[PDB]
Structures are given as C-alpha cells and as structure tokens.
Amino acid sequence: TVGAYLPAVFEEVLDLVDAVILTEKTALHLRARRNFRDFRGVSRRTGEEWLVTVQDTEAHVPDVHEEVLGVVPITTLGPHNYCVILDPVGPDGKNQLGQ
Amino acid sequence: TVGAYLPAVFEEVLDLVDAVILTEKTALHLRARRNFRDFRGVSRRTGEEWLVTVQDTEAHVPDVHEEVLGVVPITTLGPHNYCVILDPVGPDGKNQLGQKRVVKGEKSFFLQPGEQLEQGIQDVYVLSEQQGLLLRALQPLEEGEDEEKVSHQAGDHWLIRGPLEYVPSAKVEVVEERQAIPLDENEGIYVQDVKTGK
Amino acid sequence: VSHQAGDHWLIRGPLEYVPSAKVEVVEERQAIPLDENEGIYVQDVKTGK
C-alpha cells in the first residue's frame with residue numbers, strides 16, 4: 200500500500216524495497232528461499248530457479264521468499280549468427296545435462 | 200515447529216540445525232549413528248550408508264541418528280564419453296567387490312557409496328576407415344556388435360577396423376592403434392605372418 | 349544421406365551451413381584453377397591409386 204504507514208506495536212520496520220524494472224532486453228533471475236507461491240500463482244520449491252520476463256510484469260518487487268541472483272541480458276542472434284546451448288532445458292523444465 | 204520455542208525445565212537447547220538444499224546436480228551422503236527409521240520409512244542399521252537425492256526431498260535436515268559424510272556432485276557422461284565403475288552396487292544393494300562395470304553414453308548418475316571411477320571420464324574411440332585397433336581378450340568372451348557376435352579365448356588378439364565407435368569391454372585390452380598404409384599400383388611392402396612364419 | 353560414426357565427406361557449393369551437434373568441420377578447401385592442358389597429380393588414399 201502506497202501512502203504513509205504506521206507500524207503496529209509488535210511490527211517493526213526493516214527497510215524499503217523498490218521494484219526491478221523489466222524490459223524486452225532484460226530478465227530477472229530468482230531463487231526460492233523456501234517453498235511458496237508467487238504472483239503468477241505458480242508453486243516454487245526450495246532452491247529451484249526461474250526467470251521473470253517483461254511478459255510477466257514490468258515492475259517486480261522481490262518477495263521475502265525469493266533471492267535475486269542477477270539480471271539476465273538477452274541473447275540476440277542475427278540471420279547470419281548461430282549458437283550452441285550447453286545443457287538445454289527440456290520439455291519438463293529440467294536442464295538436460297551433457298546434451 | 201516454526202516460531203519461538205520455550206524449552207522445558209528438563210530440556211536444554213544445544214544448537215540450531217538448518218536443512219541441506221538438494222538439486223539435480225547434488226546428493227547427500229549420510230551414515231547411520233545407530234539403528235533407526237528415516238523419513239522415507241526405510242530402516243537403517245548401524246554404520247550403513249546411502250544417498251538422499253532431490254527426488255527424495257528438496258530440503259533435508261540431518262537427523263540425530265545420521266552423519267553427514269559429504270555432498271556428492273553428479274557425474275555426467277556425454278554421448279562421446281564413457282567411464283568404468285569400480286565395485287559397482289548390485290541388485291541387493293551391496294558393492295560388488297573386485298568387479299567393474301562399463302557405463303557408456305550420455306548419462307547422469309551419482310556414484311553411490313563404495314563405488315568409484317577407474318580413470319575419470321573417458322572418450323569413446325571413433326575410428327576412420329584408415330584406422331584400426333588391435334584388441335586382446337583377458338577372459339573368454341563374445342563381443343556383440345552385430346549378428347556376428349564372435350567368441351574369443353583368454354589370450355586372443357584380433358584387429359577391429361572401420362568407420363565406427365568403440366568402447367572397450369571390461370575384459371578386453373586395447374594394445375595398439377594401426378593405420379592402413381597407402382600404396383600405389385606397382386608399390387608394396389614385405390609383411391611377415393609371425394603365426395605361420397612366412 | 350546417412351553417415352556413420354567415423355565418416356568424412358565434402359560439402360561444396362554456393363550455400364550456407366551451420367554445423368550439426370554431431371558433425372565436425374575439419375578443413376576448408378578451394379577448387380584449384382586449371383587451364384586446358386594443365387593439371388595436378390591426385391592420390392586416392394582410400395584405394396591407393
């Protein structure tokens with residue numbers, strides 16, 4: 200909630216946390232602190248990692264159950280460019296190791 | 200239980216113990232302090248060892264009846280890699296001592312307790328048509344690559360040639376690599392058949 | 349065309365190639381220009397000639 204906030208007697212203020220702004224050329228690498236649910240409603244187990252894109256939100260504030268591992272600059276290939284991906288992610292969402 | 204905890208008069212606090220986080224590239228090597236039951240419900244005798252994977256739990260806290268021997272990084276083989284495992288674990292869950300197993304292809308597994316790799320990760324032999332290998336049988340065997348699964352005896356030699364990919368068996372030794380010798384018409388070399396003398 | 353785990357083969361022409369994941373580029377070649385009544389000696393190392 201936006202405005203001015205009075206903490207309760209039992210609550211204490213720790214710090215302000217501002218959103219990370221997402222664009223077409225950027226994504227956000229997050230790790231689960233514990234098991235929880237995120238704003239997409241998708242369930243997150245301890246330790247597993249994912250990316251949040253600008254198709255998810257334009258501004259994301261890291262939850263208390265999330266860890267910001269870093270910002271992922273996009274990889275663009277031109278019509279004269281290719282690449283090879285090591286350990287690609289498969290259909291089930293796992294890295295396919297050694298592939 | 201999460202929250203804040205008051206110990207009883209007879210209880211005392213010793214220390215906080217946080218979970219170990221498990222992933223696809225990691226396992227946890229535990230030893231039994233005593234006989235007990237773990238969270239899978241599987242029974243554990245004193246001293247025996249096992250691994251906990253991310254298919255068991257994503258967070259495991261070591262029990263009071265367990266010992267953390269260490270964290271096991273996964274062993275991944277690519278489609279050009281093989282390995283040989285020393286003292287593999289058999290069907291009954293025991294290390295098969297003095298035995299070995301050749302594990303080939305792109306695969307990922309954890310070295311269980313007691314198992315071991317002989318020479319690390321290794322490279323499969325890809326042979327051109329101008330390249331061959333002289334193979335030696337250590338035990339009597341029968342190499343299976345086609346319908347011509349030929350039997351050999353415990354001291355044989357034989358050459359394998361062609362465009363193909365070979366991994367040594369557990370009872371075969373590579374002794375040499377050979378190259379075809381290029382020769383034009385009206386050109387040659389003298390060969391001896393040391394078996395027959397000629 | 350099917351190939352086996354140790355083959356070689358030359359790809360030529362005006363075209364655009366990306367290597368597969370199970371193919372290795374080992375060399376680049378150029379056609380050798382030759383006028384009529386001019387030449388070079390080639391060996392077929394497979395057959396020897």
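Residue numbers (full-length UniProt numbering), protein chains in the order written: chain H, 200 to 298; chain P, 200 to 397; chain X, 349 to 397.
Note that beta-carbon positions come from the ideal geometry of N, C-alpha and C, so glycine has one too.
{"Query": "Pairwise C-alpha distance: P:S327 and X:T395", "Result": "14 Å"}
{"Query": "Cβ pair P:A218, P:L250 closer than 7 Å", "Result": "no"}
{"Query": "Buried or exposed by the 16-neighbour rule on C-beta atoms within 10 Å, applied to H:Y204", "Result": "exposed"}
{"Query": "Run of the beta strand (DSSP E) containing P:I284, from where it starts to where it stops", "Result": "280-285"}
{"Query": "P:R300 beta carbon less than 7 Å from that of P:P287", "Result": "yes"}
{"Query": "Beta bridge counterpart(s) of P:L340 as assigned by DSSP", "Result": "P:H351"}
{"Query": "Cutoff 7 Å: P:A203 Cβ touching any chain H Cβ", "Result": "no"}
{"Query": "Alpha helix (DSSP H) runs contained entirely in the UniProt repeat \"MVP 5\" (218-272) of chain P, provided each spans 4 or more residues", "Result": "none"}
{"Query": "Neighbour flag for P:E364 against chain X, beta carbons, 7 Å", "Result": "yes"}
{"Query": "Closer than 7 Å to chain P by CB, H:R230", "Result": "no"}
{"Query": "Exposure of P:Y281, with buried meaning 16 or more beta-carbon neighbours within 10 Å", "Result": "buried"}
{"Query": "contact_flag[the segment 320-334 of chain P, the segment 372-385 of chain P] where n(CB pairs < 8 Å) is 3 or more", "Result": "yes"}
{"Query": "From P:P367, P:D255, P:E314, residue whose alpha carbon lies closest to that of P:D237", "Result": "P:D255"}
{"Query": "Backbone CA spacing between P:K303 and X:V366 [nearest angstrom]", "Result": "28 Å"}
{"Query": "Beta carbon proximity, P:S327 to chain X, threshold 7 Å", "Result": "yes"}
{"Query": "Limits of the beta strand (DSSP E) - the one that P:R300 falls within", "Result": "299-303"}
{"Query": "Contact list for X:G354 against chain P, beta-carbon separation under 8 Å", "Result": "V325, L326, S327, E328, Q330, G361, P362, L363, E364"}
{"Query": "Contacting residues, own chain, Cβ-Cβ under 7 Å from P:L333 (five flanking each side not counted)", "Result": "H356, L358, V374, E375, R377"}
{"Query": "Segment limits, beta strand (DSSP E) that includes P:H356", "Result": "356-360"}
{"Query": "Residues that P:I220 contacts on chain H, provided the C-beta gap is smaller than 9 Å", "Result": "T245, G246"}
{"Query": "Beta-carbon proximity list for P:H264, same chain, < 6 Å, skipping 5 on both sides", "Result": "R232, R233, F235"}
{"Query": "Closest Cα partner of H:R239 within the set H:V267, H:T245, H:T252", "Result": "H:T252"}
{"Query": "Interface residues of the segment 299-312 of chain P facing chain H [CB-CB below 7 Å]", "Result": "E305, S307"}
{"Query": "Euclidean distance between Cα positions of H:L285 and P:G277", "Result": "11 Å"}
{"Query": "Pair within 7 Å by beta-carbon distance, P:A353 and P:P362", "Result": "no"}
{"Query": "Backbone CA spacing between P:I388 and P:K397 [nearest angstrom]", "Result": "14 Å"}
{"Query": "Chain P contacts made by the segment 382-396 of chain X, where a contact means CB separation under 8 Å", "Result": "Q391, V393, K394, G396"}
{"Query": "Chain P contact for H:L213 (CB, 7 Å cutoff)", "Result": "no"}
{"Query": "Contact with chain H by P:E257, beta-carbon distance below 7 Å", "Result": "yes"}
{"Query": "CB contact below 7 Å: H:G297 versus chain P", "Result": "yes"}
{"Query": "P:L382 in three-state terms, based on DSSP", "Result": "coil"}
{"Query": "Residue span of the beta strand (DSSP E) that contains P:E364, given as start and end", "Result": "363-365"}
{"Query": "Beta carbon proximity, P:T274 to chain H, threshold 7 Å", "Result": "no"}
{"Query": "Nearest residue (CA-CA) to H:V267, options H:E247, H:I273, H:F209, H:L296", "Result": "H:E247"}
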